[PDB]
Amino acid sequence: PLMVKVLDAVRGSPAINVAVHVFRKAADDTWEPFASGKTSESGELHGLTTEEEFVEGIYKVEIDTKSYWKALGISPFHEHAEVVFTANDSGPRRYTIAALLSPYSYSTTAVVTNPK
Amino acid sequence: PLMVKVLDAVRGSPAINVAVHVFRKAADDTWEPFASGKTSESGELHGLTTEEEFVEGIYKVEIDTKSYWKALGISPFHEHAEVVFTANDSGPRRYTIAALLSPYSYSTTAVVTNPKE
Amino acid sequence: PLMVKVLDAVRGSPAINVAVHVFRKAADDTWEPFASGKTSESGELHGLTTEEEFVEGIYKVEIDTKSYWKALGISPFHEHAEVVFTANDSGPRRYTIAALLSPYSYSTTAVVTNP
Amino acid sequence: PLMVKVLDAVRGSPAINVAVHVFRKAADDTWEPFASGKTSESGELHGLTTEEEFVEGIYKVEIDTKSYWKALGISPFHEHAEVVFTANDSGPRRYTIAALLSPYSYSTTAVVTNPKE
Ligand SMILES: O=C(/C=C/c1ccc(O)cc1)c1ccccc1
Ligand SMILES: O=C(/C=C/c1ccc(O)cc1)c1ccccc1
Ligand SMILES: O=C(/C=C/c1ccc(O)cc1)c1ccccc1
């Protein structure tokens, strides 16, 4: 139901071991921790939640791009990359958040699909 | 010293009248308002601050992409686009933050130049 | 060994049924057809070639973006999206060419891995 | 009428001194040279053509990304970045082709404007 994929545009490789922290916005307007993990050898992060755990709300996906670059000896521009979105419609959809990284640029896309 | 440029990848045009809110991170770890404005006819936002007002710190540039799309009758994916970065940490630089928008995707880049060259 | 993935940045979906034509540059500096296909329900195109068919050379991956947009009633800017690169020059690699599409913009990335 | 802007996503800078070659497609389906230049200190290339010279047709803008990276000691993926498009098909327009570069990735976008406003 929720997948994150991260790619490295400088090395032409998946971005491996990247820390990802997901939050859900709570009634008090604060961000509550929801799920977290590290990207795999293929730059993917799977099994963050279940269909029933992943309910309607505003989510924040935070990707620790600064530590990723610093660990390669590169000094990047951004503190991190954040993605905030309504999984308004979330349980009956699958969400893939993709991010492509460079030291001074990033881009992000969402692929949202229905299991019919 | 701080310029924002926004482009619309669907219409192939500058993204006009887009709300931009800048914050500075305060000692207490909360975001304090710093400057705000709307993109011009060319998708640019100038004169947000001065060299002297624009001090060392962590800034957040928040672009109200959701309203932009909604006003064109499109239901977008993201609540906004945010750019967080450390500025002026090795002396005064001019920053341009560029953003390219689509309903389900965005990309952002920084061009940092030294006024001493 | 060679995969193409295409995404639609407007609808937030894989770009389905997109025509992809691959060429290899021949000695006479003309583009010789090499493989071709349509993107699947997942926006992917697999099994285009084999490790031994896919030899050292300069390849061109051509994505028919114009027809994709026109079929959705949108009049796009580019005739197509082309990706030209040298492959297998330093021994066999697996290549994924990804493309993200909008009417007036596209971006492309390569993921190259060693088995 | 035709402007090219190139940015370096690794250094957060304009991409300077980048070779750009523009072609027009001829009746025999071959690419005829049309204009060429190097990006300036701001990553821009101006004055490639005139309104009168810049006629209806299919153009190719070719950016020599491989030599750019190689001159910075980096071994890139692409031979170049090409943009192919139909211009002035419904009368005169002003075209800006923008490109953002990384060793293994690039993105390109067009801003097309009408001087008739
Ligand atoms: O090329 C431009 C195109 C501008 C434009 C403005 C409005 C519009 O609807 C379409 C294009 C331009 C003009 C001034 C500064 C920067 C860029
Ligand atoms: O967002 C992307 C997503 C790529 C992707 C790759 C594999 C996959 O399973 C899902 C998404 C992307 C692709 C090309 C250029 C810039 C960004
Ligand atoms: O903001 C941009 C570049 C700004 C800039 C500022 C200073 C400098 O020296 C070079 C480029 C830009 C312009 C056209 C399309 C997309 C982005």
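Whatever order the structure lists them in is the order used to number ligands and atoms, beginning at 1. Convention: sequence-line order gives letters A, B, ...; per-chain numbering from 1. The figures that follow rest on heavy atoms only: side chains count, while hydrogens, waters and symmetry mates do not.
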Inset, instruction - Output all residues satisfying salt bridge (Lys or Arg N to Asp or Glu O under 4.0 Å) with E82(A), sequence neighbours left out; order by chain, then residue number. - result: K60(A)
Legend entry - Point-to-point distance, once rounded to the nearest 0.5 Å, from OH of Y59(B) to OH of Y95(B): 9.0 Å
Inset, instruction - Run the numbers for me: atoms of ligand 2, each under 4.0 Å from some heavy atom of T109(C), listed by number. - result: 14 (C), 15 (C), 16 (C)
Legend entry - Protein residues having a heavy atom less than 4.0 Å from any atom of ligand 1: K5(B), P14(B), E41(B), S42(B), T113(D)
Hey, can you pull the donor-acceptor pairs under 3.5 Å for the side chains in residues 3-14 of chain B, sequence neighbours left out?
residue: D8(B); atom: OD1; partner: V10(B); partner atom: N; Å: 2.9
residue: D8(B); atom: OD1; partner: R11(B); partner atom: N; Å: 3.1
residue: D8(B); atom: OD2; partner: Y68(B); partner atom: OH; Å: 2.6
residue: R11(B); atom: NH1; partner: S13(B); partner atom: OG; Å: 3.2

Inset, instruction - Check whether any side-chain heavy atom of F34(B) lies under 4.5 Å from a side-chain heavy atom of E53(B), and answer yes or no. - result: yes
Legend entry - Per-atom contacts of ligand 2 with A98(A), taking only distances under 4.0 Å to non-hydrogen atoms: 1 (O), 2 (C), 3 (C)
Inset, instruction - Look up atom CG in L48(B) and atom OG in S36(B), then write down how far apart they are to the nearest 0.5 Å. - result: 8.5 Å
Inset, instruction - Can you run down the side chain to side chain donor-acceptor pair (under 3.5 Å) pairs that involve residues 107-117 of chain B, sequence neighbours left out, and say none if there aren't any? - result: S105(A)-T109(B)
Inset, instruction - Evaluate the ring planes of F77(C) and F85(D), with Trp represented by its six-membered ring, and classify them as parallel (under 30°), tilted (30 to 60°) or perpendicular (over 60°). - result: parallel
